[PDB]
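Visitor: Here you go, one structure.
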Amino acid sequence: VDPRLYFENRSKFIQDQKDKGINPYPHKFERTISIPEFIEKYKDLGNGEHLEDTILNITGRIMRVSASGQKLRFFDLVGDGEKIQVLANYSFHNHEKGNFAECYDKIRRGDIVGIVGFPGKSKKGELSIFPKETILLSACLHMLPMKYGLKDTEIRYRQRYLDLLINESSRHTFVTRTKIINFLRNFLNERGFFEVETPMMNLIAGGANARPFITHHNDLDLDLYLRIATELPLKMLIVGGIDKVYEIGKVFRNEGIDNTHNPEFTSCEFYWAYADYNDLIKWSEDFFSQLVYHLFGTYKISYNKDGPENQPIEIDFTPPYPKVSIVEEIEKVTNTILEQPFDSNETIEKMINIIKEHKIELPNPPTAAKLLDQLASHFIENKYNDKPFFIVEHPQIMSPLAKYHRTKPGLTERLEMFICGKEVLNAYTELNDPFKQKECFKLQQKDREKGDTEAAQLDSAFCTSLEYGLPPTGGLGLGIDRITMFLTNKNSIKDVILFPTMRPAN
Amino acid sequence: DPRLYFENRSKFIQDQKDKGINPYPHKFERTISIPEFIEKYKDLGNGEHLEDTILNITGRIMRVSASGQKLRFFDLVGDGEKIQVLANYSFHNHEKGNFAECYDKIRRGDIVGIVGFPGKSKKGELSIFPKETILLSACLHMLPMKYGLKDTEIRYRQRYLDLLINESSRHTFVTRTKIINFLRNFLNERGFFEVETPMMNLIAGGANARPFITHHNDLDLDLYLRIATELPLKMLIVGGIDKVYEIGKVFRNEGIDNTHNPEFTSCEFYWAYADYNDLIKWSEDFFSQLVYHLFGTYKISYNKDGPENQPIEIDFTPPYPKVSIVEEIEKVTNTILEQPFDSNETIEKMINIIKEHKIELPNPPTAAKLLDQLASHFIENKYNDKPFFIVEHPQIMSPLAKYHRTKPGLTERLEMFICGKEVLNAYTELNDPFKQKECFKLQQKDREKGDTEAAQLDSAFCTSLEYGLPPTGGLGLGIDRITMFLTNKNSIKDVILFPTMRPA
Ligand SMILES: O=c1oc(CC2CCCCC2)cc2cc(O)cc(O)c12
Ligand SMILES: O=c1oc(CC2CCCCC2)cc2cc(O)cc(O)c12
Ligand SMILES: N[C@@H](CCCC[NH3+])C(=O)O
Ligand SMILES: N[C@@H](CCCC[NH3+])C(=O)O
């Protein structure tokens with residue numbers, strides 16, 4: 001009932017051990033077997049069967065404490081996501097090492113123990129370890145919370161270790177996360193790609209439309225910006241001869257935080273020379289279908305779109321995925337024609353009127369790109385929840401780094417894959433013409449002058465790199481944390497990140 | 001003059017746009033790559049022509065030559081390999097353009113799309129005979145020769161040029177990526193689990209270094225970039241992931257030199273129920289197997305004093321030498337460093353030792369910095385022919401280290417060095433939270449003296465240890481420095497694609 005008193009008493013316990021000779025935190029306890037390999041090595045065992053001649057050294061954490069008297073103690077030893085029962089029988093205690101009750105009465109829930117025992121099964125058939133001596137390795141000073149104590153509380157985020165020990169779903173989630181990353185890294189290596197590392201601190205943060213962070217190097221007396229994307233240096237590497245290049249790493253964006261936006265998130269960007277929008281479309285379908293089948297043995301997975309209480313929807317990752325032109329669908333749903341130039345006063349004022357007629361939120365500044373973005377968000381992003389789908393051919397005012405469309409004026413050969421109305425992939429034929437790239441950078445500078453602090457700045461080093469010849473390439477970016485959210489059935493981005501960015505407790 | 005040539009090529013591209021032809025085509029289907037092409041038709045004799053195999057090749061023209069007007073020769077480079085391209089007026093498809101007008105516009109550095117057939121020249125050089133050549137992406141500037149990248153900083157700013165010209169840089173970065181690949185697989189075979197800890201934190205802990213500062217606007221919160229991945233990984237050990245690790249970037253706001261880049265790649269791994277000895281064995285096994293995985297031997301040739309001097313033989317054959325820091329300093333300096341090491345007497349003693357030897361006194365002459373300087377000038381270069389370990393560091397220097405089980409005042413720590421450069425840091429993790437807060441408060445006392453790189457107390461980490469940190473052994477690897485020695489490089493900038501530098 002009193003956690004503060006419990007902690008103070010356990011602290012006194014540790015000090016009392018030090019005063020009365022014993023060391024509560026020993027340096028080494030040479031383990032012989034792990035709990036998973038122990039379960040695997042002795043599960044196929046008969047009821048009540050004992051192996052009193054095979055002594056083993058096993059470690060673990062106590063999570064359940066109970067006793068059937070002063071001579072029979074019961075515990076639950078967990079380790080590596082698995083668990084076994086500890087059946088301490090006084091008939092088996094090595095009395096040369098110490099008193100039975102004196103040794104086991106000190107054990108508390110959460111204590112990390114080292115056990116010298118023998119394997120067997122109980123009368124009821126519970127696979128257990130029968131110790132001959134139990135030594136405390138690392139005591140737990142606080143009271144462990146209950147599962148309900150972590151249900152709708154932020155302790156899962158601020159104290160992830162508690163969430164990893166109490167909830168099995170947490171360990172499962174992060175194991176699946178690393179499996180997603182392993183699958184992607186191998187999927188790219190098997191195709192001949194080359195993993196690299198581009199700087200996170202830069203003189204100019206380009207590659208996306210977002211406000212970056214700023215830091216300062218004292219010895220150089222230089223202001224560096226945290227990378228918002230890895231697009232630019234990767235294309236610079238494509239120029240360098242590495243025709244198959246990619247990077248898996250953290251990117252930072254200083255903007256709002258919600259269930260889908262963490263200030264720092266893991267992204268994967270790959271550049272494939274002599275490839276185009278079609279190649280990226282096929283790549284996306286192939287990769288997602290195989291990733292989902294690799295993790296579940298099926299193409300249809302269930303996802304609780306409306307939270308855990310409401311019923312879930314079914315997402316079918318079976319290719320091919322629907323392709324939806326942004327401009328044309330907005331036209332059909334709104335029964336209007338967005339005459340070009342899309343950034344003209346007429347088209348901008350028109351889109352403003354359609355945003356006002358539907359009482360949709362007006363973006364500030366009302367740049368043409370933000371108007372089109374809000375229109376696509378409120379009218380075509382949630383068009384399909386049954387399966388993932390592609391929003392393609394974005395206008396040039398929205399894609400300053402995109403190569404212009406070969407048969408559609410004003411549009412680009414860009415694609416964006418969405419899952420449950422959430423952007424998870426951004427791919428497109430790279431704009432390799434420096435003459436036309438500088439025009440988009442200058443137009444972005446004007447947009448920046450209108451209050452659009454997300455408008456891409458002018459990177460001179462990247463432009464000069466394009467001047468030596470960027471072969472026709474195709475690039476794609478993946479939001480790994482979001483992919484994990486959908487593939488692990490989690491509604492928040494804080495549930496797929498070990499230590500998410502939280503409001504400080506001060 | 002390069003300016004005139006860039007302007008001529010620029011006007012050239014504009015003339016192509018006004019003339020009707022698209023200078024940067026959208027798509028060119030490649031049927032075979034340069035490596036596959038060398039592999040597929042290398043065995044052809046000098047003079048054979050498979051005129052029926054119409055292939056689509058791609059690459060960057062790196063040499064332009066001619067024999068009259070009917071013969072044009074170029075070097076097509078791609079994926080680190082080079083082939084010949086022999087354009088003849090007999091095989092040219094005249095329906096798509098004039099031969100001379102089509103090939104006179106190709107210069108060195110142009111990305112072209114060739115449609116031809118494989119064959120071998122009269123001299124025997126594997127070649128692609130094109131029937132049509134299309135300019136896919138033009139090179140507007142003058143690509144320099146290899147000599148143009150020797151006495152300059154261009155290799156670091158325009159890494160693409162160094163990768164396209166110096167064929168050794170490509171090998172160096174391929175080796176770097178292979179080193180990381182080997183490390184990741186090496187850990188995964190032992191059951192380790194890869195994770196991702198935050199790079200922005202309320203406190204920058206895990207090492208003795210000055211961090212960078214940044215600010216999140218919506219939260220109006222100042223955050224420090226991580227200087228190490230130690231504390232969050234240990235908290236994960238407490239969470240039940242007994243074999244965890246992370247290979248990522250860490251940021252330290254310090255000075256720049258040949259072995260220091262503000263941002264560098266490190267690998268920290270925490271293995272529960274392990275200790276100082278297990279880490280020693282792990283380091284020896286890993287370095288020996290990595291070296292033999294790359295070179296087929298345990299001996300490496302490294303130009304320790306630059307390529308202008310004879311190199312040395314680094315033998316990674318286990319087992320390496322182990323040296324106690326305090327013991328060696330007392331032997332080499334013929335002095336007695338008494339405990340407490342941070343006492344005024346021994347602090348003045350180390351200061352006088354540095355003074356009589358004419359060494360630079362650390363910025364704040366603290367006991368930890370003093371010991372570090374003594375080790376750097378009297379121990380760290382004891383072995384160059386083989387990597388070696390500096391062990392049993394004092395607790396004053398290791399606030400996150402578990403005290404030595406038998407040597408008072410020391411810790412069960414180890415640092416491996418190669419040619420005097422620290423490349424590994426491992427030690428038995430301190431799991432007693434009370435001793436931890438004691439060491440952290442001591443670090444604060446040393447911060448009061450003006451130590452910007454003294455660890456600040458992380459309340460979250462201390463609270464994490466209170467729930468029970470099992471005996472664990474932790475280690476950290478400096479990937480960039482390891483790559484430097486395995487690629488025979490004297491500067492860290494030579495192993496980082498884009499090192500931190502001043503603006504142009
Ligand atoms: O996860 C994220 O994904 C994306 C969009 C993502 C689409 C696919 C290509 C990479 C980017 C943006 C974003 C912005 C934030 O400020 C925080 C975030 O976590 C994200
Ligand atoms: O490479 C580096 O290695 C180390 C030391 C290294 C030892 C092994 C464990 C990881 C750290 C420190 C350092 C500091 C810098 O400011 C810049 C750098 O590049 C480095
Ligand atoms: N960097 C892009 C995604 C990859 C684009 C690839 N050409 C982004 O921030 O969305
Ligand atoms: N964080 C350490 C490496 C890991 C030491 C073992 N926990 C360093 O920066 O040197």
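Every chain in the structure tokens has a letter given in the order shown (A, B, ...), and although residue numbers restart at 1 in each chain, ligands are simply numbered from 1 in the order shown.
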Per DSSP on the backbone, filter segment 272-429 of chain A down to the residues in strand (DSSP E) and report them as a PDB file with N, CA and C atoms, in the first residue's frame.

Guide:
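Output contents, as saved in part_0.pdb:
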```
ATOM      1  N   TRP A 272      17.954   3.989 -56.871  1.00  0.00           N
ATOM      2  CA  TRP A 272      18.203   2.960 -57.864  1.00  0.00           C
ATOM      3  C   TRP A 272      18.347   3.618 -59.230  1.00  0.00           C
ATOM      4  N   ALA A 273      19.565   3.578 -59.759  1.00  0.00           N
ATOM      5  CA  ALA A 273      19.858   4.193 -61.042  1.00  0.00           C
ATOM      6  C   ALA A 273      19.204   3.435 -62.184  1.00  0.00           C
ATOM      7  N   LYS A 300      -3.372 -10.873 -45.743  1.00  0.00           N
ATOM      8  CA  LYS A 300      -4.431 -10.130 -45.075  1.00  0.00           C
ATOM      9  C   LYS A 300      -4.163 -10.126 -43.576  1.00  0.00           C
ATOM     10  N   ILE A 301      -4.022  -8.935 -43.005  1.00  0.00           N
ATOM     11  CA  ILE A 301      -3.791  -8.779 -41.574  1.00  0.00           C
ATOM     12  C   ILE A 301      -4.897  -7.902 -41.007  1.00  0.00           C
ATOM     13  N   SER A 302      -5.219  -8.111 -39.739  1.00  0.00           N
ATOM     14  CA  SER A 302      -6.254  -7.331 -39.077  1.00  0.00           C
ATOM     15  C   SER A 302      -5.609  -6.194 -38.292  1.00  0.00           C
ATOM     16  N   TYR A 303      -6.206  -5.006 -38.386  1.00  0.00           N
ATOM     17  CA  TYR A 303      -5.692  -3.819 -37.719  1.00  0.00           C
ATOM     18  C   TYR A 303      -6.828  -3.066 -37.048  1.00  0.00           C
ATOM     19  N   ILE A 313     -10.443  -3.631 -38.644  1.00  0.00           N
ATOM     20  CA  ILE A 313     -10.646  -3.721 -40.077  1.00  0.00           C
ATOM     21  C   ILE A 313      -9.609  -4.698 -40.614  1.00  0.00           C
ATOM     22  N   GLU A 314      -9.803  -5.152 -41.848  1.00  0.00           N
ATOM     23  CA  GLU A 314      -8.874  -6.084 -42.474  1.00  0.00           C
ATOM     24  C   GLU A 314      -8.136  -5.360 -43.590  1.00  0.00           C
ATOM     25  N   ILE A 315      -6.811  -5.456 -43.586  1.00  0.00           N
ATOM     26  CA  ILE A 315      -5.958  -4.831 -44.586  1.00  0.00           C
ATOM     27  C   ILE A 315      -5.372  -5.944 -45.441  1.00  0.00           C
ATOM     28  N   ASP A 316      -5.652  -5.894 -46.740  1.00  0.00           N
ATOM     29  CA  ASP A 316      -5.181  -6.888 -47.695  1.00  0.00           C
ATOM     30  C   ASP A 316      -4.009  -6.296 -48.473  1.00  0.00           C
ATOM     31  N   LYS A 323      -4.157   2.638 -57.843  1.00  0.00           N
ATOM     32  CA  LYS A 323      -3.424   3.855 -58.166  1.00  0.00           C
ATOM     33  C   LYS A 323      -4.452   4.960 -58.352  1.00  0.00           C
ATOM     34  N   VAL A 324      -4.271   6.067 -57.638  1.00  0.00           N
ATOM     35  CA  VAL A 324      -5.206   7.185 -57.670  1.00  0.00           C
ATOM     36  C   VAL A 324      -4.471   8.483 -57.974  1.00  0.00           C
ATOM     37  N   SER A 325      -4.822   9.119 -59.093  1.00  0.00           N
ATOM     38  CA  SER A 325      -4.211  10.396 -59.439  1.00  0.00           C
ATOM     39  C   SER A 325      -4.792  11.465 -58.521  1.00  0.00           C
ATOM     40  N   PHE A 389      -2.909   1.852 -50.851  1.00  0.00           N
ATOM     41  CA  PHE A 389      -3.107   2.357 -52.206  1.00  0.00           C
ATOM     42  C   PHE A 389      -2.150   3.505 -52.489  1.00  0.00           C
ATOM     43  N   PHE A 390      -1.949   3.773 -53.776  1.00  0.00           N
ATOM     44  CA  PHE A 390      -1.021   4.795 -54.230  1.00  0.00           C
ATOM     45  C   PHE A 390      -1.713   6.055 -54.729  1.00  0.00           C
ATOM     46  N   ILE A 391      -1.248   7.200 -54.242  1.00  0.00           N
ATOM     47  CA  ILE A 391      -1.673   8.516 -54.695  1.00  0.00           C
ATOM     48  C   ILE A 391      -0.507   8.949 -55.567  1.00  0.00           C
ATOM     49  N   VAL A 392      -0.741   9.086 -56.868  1.00  0.00           N
ATOM     50  CA  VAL A 392       0.354   9.384 -57.779  1.00  0.00           C
ATOM     51  C   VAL A 392       0.218  10.676 -58.567  1.00  0.00           C
ATOM     52  N   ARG A 414       5.556  10.994 -59.500  1.00  0.00           N
ATOM     53  CA  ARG A 414       5.620  10.735 -58.073  1.00  0.00           C
ATOM     54  C   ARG A 414       4.511   9.796 -57.623  1.00  0.00           C
ATOM     55  N   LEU A 415       4.814   9.021 -56.583  1.00  0.00           N
ATOM     56  CA  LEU A 415       3.885   8.081 -55.980  1.00  0.00           C
ATOM     57  C   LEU A 415       4.012   8.149 -54.465  1.00  0.00           C
ATOM     58  N   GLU A 416       2.902   7.867 -53.788  1.00  0.00           N
ATOM     59  CA  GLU A 416       2.855   7.855 -52.330  1.00  0.00           C
ATOM     60  C   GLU A 416       1.905   6.757 -51.895  1.00  0.00           C
ATOM     61  N   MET A 417       2.427   5.775 -51.175  1.00  0.00           N
ATOM     62  CA  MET A 417       1.614   4.670 -50.695  1.00  0.00           C
ATOM     63  C   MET A 417       1.065   4.988 -49.311  1.00  0.00           C
ATOM     64  N   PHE A 418      -0.233   4.749 -49.132  1.00  0.00           N
ATOM     65  CA  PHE A 418      -0.890   4.994 -47.863  1.00  0.00           C
ATOM     66  C   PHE A 418      -1.541   3.725 -47.341  1.00  0.00           C
ATOM     67  N   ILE A 419      -1.590   3.659 -46.012  1.00  0.00           N
ATOM     68  CA  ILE A 419      -2.221   2.578 -45.266  1.00  0.00           C
ATOM     69  C   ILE A 419      -3.127   3.254 -44.247  1.00  0.00           C
ATOM     70  N   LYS A 422      -2.718   6.918 -43.944  1.00  0.00           N
ATOM     71  CA  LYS A 422      -1.456   7.395 -43.397  1.00  0.00           C
ATOM     72  C   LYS A 422      -0.358   7.211 -44.432  1.00  0.00           C
ATOM     73  N   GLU A 423       0.371   8.297 -44.706  1.00  0.00           N
ATOM     74  CA  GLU A 423       1.472   8.263 -45.659  1.00  0.00           C
ATOM     75  C   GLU A 423       2.584   7.386 -45.109  1.00  0.00           C
ATOM     76  N   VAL A 424       3.013   6.397 -45.889  1.00  0.00           N
ATOM     77  CA  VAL A 424       4.073   5.509 -45.427  1.00  0.00           C
ATOM     78  C   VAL A 424       5.215   5.379 -46.419  1.00  0.00           C
ATOM     79  N   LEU A 425       5.023   5.784 -47.674  1.00  0.00           N
ATOM     80  CA  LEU A 425       6.031   5.679 -48.713  1.00  0.00           C
ATOM     81  C   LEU A 425       5.981   6.900 -49.619  1.00  0.00           C
ATOM     82  N   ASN A 426       7.158   7.362 -50.036  1.00  0.00           N
ATOM     83  CA  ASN A 426       7.270   8.510 -50.935  1.00  0.00           C
ATOM     84  C   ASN A 426       8.318   8.148 -51.977  1.00  0.00           C
ATOM     85  N   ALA A 427       7.898   7.921 -53.218  1.00  0.00           N
ATOM     86  CA  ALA A 427       8.834   7.546 -54.266  1.00  0.00           C
ATOM     87  C   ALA A 427       8.563   8.352 -55.517  1.00  0.00           C
ATOM     88  N   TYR A 428       9.602   8.486 -56.344  1.00  0.00           N
ATOM     89  CA  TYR A 428       9.441   9.258 -57.567  1.00  0.00           C
ATOM     90  C   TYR A 428      10.715   9.252 -58.402  1.00  0.00           C
ATOM     91  N   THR A 429      10.525   9.548 -59.690  1.00  0.00           N
ATOM     92  CA  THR A 429      11.624   9.638 -60.638  1.00  0.00           C
ATOM     93  C   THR A 429      12.377  10.915 -60.300  1.00  0.00           C
TER      94      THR A 429
END
```

Visitor: What do you get as a PyMOL selection string if you pick all residues at most 6 Å from ligand 3, counting only C-alpha atoms and all ligand atoms?

Guide: chain A and resi 207-208+229+231+269+426-428+430+475-477

Visitor: Check the smallest atom-to-atom distance from each of B:397, B:406, B:464, B:216 to ligand 1 using only C-alpha atoms and all ligand atoms, then report the winner.

Guide: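 Of B:397, B:406, B:464, B:216, the one nearest ligand 1, counting only C-alpha atoms and all ligand atoms, is B:216.
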
Visitor: Show me which residues are within 10 Å of ligand 4 counting only C-alpha atoms and all ligand atoms, and format the list as an MDAnalysis selection string.

Guide: chainID B and resid 205:209 227:231 233:234 250 252 266:271 279 398 400:401 413:415 422:430 472:478

Visitor: Excluding segment 491-503 of chain B and its own-chain neighbours fewer than 4 positions away, which residues fall within 9 Å of it when counting only C-alpha atoms? Please give them as an MDAnalysis selection string.

Guide: (chainID A and resid 196:199 201:203 220 222 233 237) or (chainID B and resid 155:159 169 172:173 176 256:264 480:481 483:484 487)

Visitor: Quote the spacing between atom CA of residue 288 of chain B and atom CA of residue 31 of chain A in Å to one decimal place.

Guide: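 Between these atoms lies a distance of 25.4 Å.
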
Visitor: Determine the nearest neighbour of ligand 2 from the options A:211, A:177, A:20, A:217, counting only C-alpha atoms and all ligand atoms.

Guide: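 With only C-alpha atoms and all ligand atoms as the atom set, the closest residue is A:217.
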
Visitor: Please provide as a VMD selection string all residues within 9 Å of residue 29 of chain A, with the sequence filter that same-chain residues fewer than 4 positions apart are discarded (counting only C-alpha atoms).

Guide: (chain A and resid 57 59 114 137) or (chain B and resid 273 to 274 471)

Visitor: Show me which residues sit within 7 Å of ligand 1 when counting only C-alpha atoms and all ligand atoms, and put them as number ranges by chain.

Guide: A: 253-257, 260-265, 267, 423-426, 477-479, 481-482

Visitor: Name the closest residue to ligand 2 among the candidates B:289, B:490, B:265, B:201; distances are taken between atoms, counting only C-alpha atoms and all ligand atoms.

Guide: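 Nearest candidate to ligand 2 out of B:289, B:490, B:265, B:201: B:265.
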
Visitor: Excluding residue 336 of chain B and residues on its chain fewer than 6 positions from it, collect all residues at most 12 Å away from it, counting only C-alpha atoms, and give them as a JSON list (two decimals) with C-alpha atoms, in the first residue's frame.

Guide:
```json
[["chain", "number", "residue", "atom", "x", "y", "z"],
["B", 326, "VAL", "CA", 48.10, 2.94, -12.72],
["B", 327, "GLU", "CA", 50.73, 0.18, -12.47],
["B", 328, "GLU", "CA", 52.43, 1.13, -15.75],
["B", 329, "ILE", "CA", 52.30, 4.86, -15.06],
["B", 330, "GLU", "CA", 54.00, 4.19, -11.73],
["B", 345, "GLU", "CA", 48.74, 15.51, -3.05],
["B", 346, "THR", "CA", 48.55, 13.02, -5.92],
["B", 347, "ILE", "CA", 46.91, 15.66, -8.11],
["B", 349, "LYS", "CA", 52.18, 14.91, -8.07],
["B", 350, "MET", "CA", 50.70, 14.10, -11.48],
["B", 353, "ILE", "CA", 55.20, 14.74, -13.45]]
```

Visitor: Could you give me, as a list in words, the residues within 7 Å of segment 156-166 of chain A, counting only C-alpha atoms and dropping anything in the same chain fewer than 4 positions from it?

Guide: residues 147, 150, 170, 171, 498, 499 and 500 of chain A; 235, 236, 238, 239 and 240 of chain B

Visitor: Deliver the residues from the most recent selection as a file, using N, CA, C and O atoms, as a short mmCIF file (atom, residue, chain, number, x, y, z; two decimals), in the first residue's frame.

Guide:
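File written: selection_21.cif
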```
data_model
loop_
_atom_site.label_atom_id
_atom_site.label_comp_id
_atom_site.auth_asym_id
_atom_site.auth_seq_id
_atom_site.Cartn_x
_atom_site.Cartn_y
_atom_site.Cartn_z
N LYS A 147 -0.38 -5.03 -14.48
CA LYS A 147 -0.66 -4.77 -15.89
C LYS A 147 -1.62 -3.59 -16.04
O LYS A 147 -1.41 -2.71 -16.88
N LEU A 150 -0.41 -0.03 -16.07
CA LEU A 150 0.24 0.44 -17.29
C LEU A 150 -0.68 0.48 -18.50
O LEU A 150 -0.22 0.84 -19.59
N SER A 170 4.66 -6.08 -25.57
CA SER A 170 5.70 -5.09 -25.84
C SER A 170 6.94 -5.74 -26.45
O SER A 170 7.46 -5.28 -27.48
N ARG A 171 7.43 -6.81 -25.81
CA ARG A 171 8.58 -7.51 -26.35
C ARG A 171 8.27 -8.01 -27.75
O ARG A 171 9.10 -7.89 -28.66
N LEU A 498 11.03 2.68 -28.68
CA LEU A 498 11.41 2.33 -27.32
C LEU A 498 11.20 3.49 -26.36
O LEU A 498 10.39 3.40 -25.43
N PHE A 499 11.90 4.61 -26.56
CA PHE A 499 11.74 5.77 -25.69
C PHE A 499 11.25 6.93 -26.56
O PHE A 499 12.05 7.70 -27.10
N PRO A 500 9.94 7.08 -26.71
CA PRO A 500 9.41 8.19 -27.52
C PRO A 500 9.64 9.53 -26.84
O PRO A 500 9.92 9.62 -25.64
N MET B 235 19.10 0.44 -19.47
CA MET B 235 17.72 0.43 -19.02
C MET B 235 16.95 -0.66 -19.76
O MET B 235 16.01 -1.25 -19.21
N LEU B 236 17.36 -0.96 -21.00
CA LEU B 236 16.72 -2.04 -21.74
C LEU B 236 17.12 -3.39 -21.14
O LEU B 236 16.32 -4.32 -21.10
N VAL B 238 17.57 -3.90 -18.08
CA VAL B 238 16.67 -4.01 -16.94
C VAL B 238 15.29 -4.46 -17.42
O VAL B 238 14.58 -5.19 -16.71
N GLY B 239 14.90 -4.05 -18.62
CA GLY B 239 13.62 -4.41 -19.20
C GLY B 239 13.49 -5.87 -19.59
O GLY B 239 12.38 -6.30 -19.91
N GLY B 240 14.58 -6.63 -19.59
CA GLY B 240 14.52 -8.03 -19.93
C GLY B 240 15.21 -8.43 -21.22
O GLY B 240 15.15 -9.61 -21.58
#
```

Visitor: From the DSSP assignment of the backbone, select every residue of segment 3-186 of chain A that is helix (DSSP H, G or I), and format the answer as number ranges by chain.

Guide: A: 3-19, 35-42, 90-92, 100-104, 148-150, 155-158, 160-166, 168-186

Visitor: If I take atom CA of residue 180 of chain A and atom CA of residue 483 of chain A, how far is one from the other in Å, to one decimal?

Guide: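 Going from atom CA of residue 180 of chain A over to atom CA of residue 483 of chain A, I get 8.3 Å.
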
Visitor: Near residue 299 of chain A, within 10 Å and counting only C-alpha atoms, which residues show up once chain neighbours fewer than 6 positions away are dropped, as number ranges by chain?

Guide: A: 288-293, 315-319
